[PDB]
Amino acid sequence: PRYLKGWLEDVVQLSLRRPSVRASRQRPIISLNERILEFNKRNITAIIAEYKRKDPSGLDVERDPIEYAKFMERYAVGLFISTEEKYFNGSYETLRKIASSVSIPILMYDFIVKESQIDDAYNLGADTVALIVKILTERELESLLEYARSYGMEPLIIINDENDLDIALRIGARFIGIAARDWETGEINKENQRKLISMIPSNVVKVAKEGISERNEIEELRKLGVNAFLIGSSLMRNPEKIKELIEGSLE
């Protein structure tokens, strides 16, 4: 991994030691990026809903994850399931049970630093994974991306600054997440997020992460080329907020 400090250094070391699984996959691989493009063509707003028990920038929520996932099948273009143990309070078993219960695309969100974690994603039923430019060297990124593609997955490559965006394009990313949140401070900068979005080629499937809360914002970002929208904590607390984001409101 790259030179790191603080919590990211900690989580990378934890992830290096994550035990692999021998679960067996019992669903096909269905493309999240392709379903996003389908929604775009159908003029249906594409929201990727997150399941996460905890986020370092949020409070813990203890809800039934299966009940949540099945609700989101009605609305979401896919699910983003957080499996990191220490900071996201996650579990491989939660991913496995949700995957066993739904038919929409699932991204396993964790700090992927070794090939066995991609094996884990496949074996547990996730359709794809995220790779994080902040923590992986160019060489690791390219290797893990190639490895994931060998399973037939298309990873979401997550960036939050210009140099990391260049690296994402350099390594051959086709599916990019533009995060508004700073990894170190937790601060949100939407001006930066939009600047990055404006620099991405049209043929890349683009997902905005963080800072999305209103239909108006979503439509603004669609016009700027964003294809889909990751929305997590807001929905973890009030799932029905997704209705207005997709359908508009009477209110």
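From 1 onward, residues are counted along the sequence shown.
- The stretch with the higher mean CA B factor, choosing between 4-12 and 241-249, is 241-249.
- For the pair 213-221 and 188-196, the mean Cα B-factor is higher in 213-221.
- The PDB entry assigns the greatest CA B-factor among 226, 61, 46, 66 to 66.
- Across 160, 117, 91, 150, the entry's maximum B-factor at the CA atom is seen for 150.
- Per the PDB record, residue ranking by Cα B-factor puts residue 142 in the highest third of the chain.
- Ranked by Cα temperature factor within the chain, residue 27 sits in the middle third according to the deposited record.
- For residue 87, the recorded CA temperature factor ranks within the middle third of the chain's modelled residues.
- When the modelled residues of the chain are ordered by their C-alpha B factor, residue 127 lands in the lowest third.
- Per-chain ranking of the deposited C-alpha B factor places residue 37 in the highest third.
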